[PDB]
Structures are given as structure tokens and as C-alpha cells.
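Asker: Sequence first, structure after; it's an experimental one.
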Amino acid sequence: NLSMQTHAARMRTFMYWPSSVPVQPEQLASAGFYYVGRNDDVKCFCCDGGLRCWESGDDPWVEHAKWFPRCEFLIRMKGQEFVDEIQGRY
Ligand SMILES: CN[C@@H](C)C(=O)N[C@H](C(=O)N1C[C@H]2CCCN2C[C@H]1C(=O)N[C@@H]1CCOc2ccccc21)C1CCCCC1
Ligand SMILES: [Zn+2]
């Protein structure tokens, strides 16, 4: 988990990511996620939030904010305003 603080390190976890999942490693790693090595389960290096069952059209930053809105990495990258909006606070 400490070794997942860099984008390149998270990317390397996707070596055996199934090609049929309709979400790409690059999008996932950019949003703080790394592959835990089973099915399509990923976790955030910062908040330890886990996501799975990726769907066509999913945006990992939106999903991050939907489910883990207090994540500090998410807040620092996208800002509190983005998070509030995803949470339906205007
Ligand atoms: C459809 N888009 C995906 C990203 C999505 O919304 N996934 C949800 C999810 O990952 N969630 C849902 C939220 C609800 C409360 C917090 N949950 C976090 C996350 C989830 O299910 N994570 C599991 C929890 C058990 O531990 C792990 C470990 C690794 C990966 C995922 C999870 C799914 C899960 C499976 C069926 C449909 C919703
Ligand atoms: Zn997070």
C-alpha cells in the first residue's frame, strides 16, 4: 500500500488485468487505484476504498467521489467542489 503512492507503481499492478473489463488501467491508476489481483477488484492507495464490477461508461474519478468522498488524494486532485457536486450538494 505504501508502495502504491506513485502512478507508475499502481500501473504495474495491472499486468494481469483482464482485457474484457470495459475500464482501462490508465484511467484507474490516474484516479489512485491499483489492482488487487482478483477479478476486477481495485483499491485506492490513499483511502483504501475498494471498487469492483466496473461497467461500460464508468469514470473512476466519479466513482471515487461517489463512494469515498472524504478521500484526501481525491480532494487534492479534483477539489472539494467536484466532490460536493457528485454528492448532489450544490
Ligand atoms: C458500477 N460501477 C462500479 C465501480 C461500482 O459502483 N461498484 C460498486 C462498488 O464497488 N462498491 C459499492 C459501495 C457500496 C458501499 C461501499 N461500496 C464500495 C464498493 C464495494 O463493493 N467494494 C467491495 C467491498 C468489499 O471489499 C472490496 C475490496 C476490493 C474491491 C471492492 C470491494 C459495486 C459493487 C458490486 C455490485 C454493484 C456495486
Ligand atoms: Zn481514495
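Answerer: That came in fine, so what should we check first? Numbers count the residues shown, from 1 in each chain. Ligands and ions are numbered 1, 2, ... in the order given.
Asker: which bits of the protein sit near ligand 1?
Answerer: 36, 41, 43, 50, 51, 52, 53, 54, 55, 58, 63, 67 (CB under 6 Å from any ligand atom). C-beta coordinates here come from the backbone N, C-alpha and C atoms, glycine included.
Asker: In helices only, show me those residues.
Answerer: 63, 67 (DSSP state H).
Asker: what's the closest of the residues of the chain next to ligand 1 to ligand 1?
Answerer: Nearest to ligand 1 out of those is residue 50 (CB to the nearest ligand atom; 2.7 Å).
Asker: Now do the residue nearest to residue 18 when sequence neighbours are not counted: how many residues are near it, please.
Answerer: In this structure, residue 18 finds its nearest non-sequential neighbour in residue 40, 6.7 Å apart by CB to CB, 6 or more residues apart in numbering. Using other CB atoms under 10 Å, residue 40 has 17 other residues around it.
Asker: Which residues are in contact with residue 40?
Answerer: 17, 18, 21, 23, 52, 53, 54 (CB atoms under 8 Å, 6 or more residues apart in numbering).
Asker: thought the third one was touching residue 53?
Answerer: If I follow you right, that is residue 21. No. Taking contacts as CB atoms under 8 Å, residue 21 lies outside contact range of residue 53: 9.6 Å.
Asker: When the two are compared, which one has more neighbours?
Answerer: When neighbours are counted by other CB under 10 Å, residue 21 and residue 53 differ, and residue 21 comes out ahead with 20 against 9.
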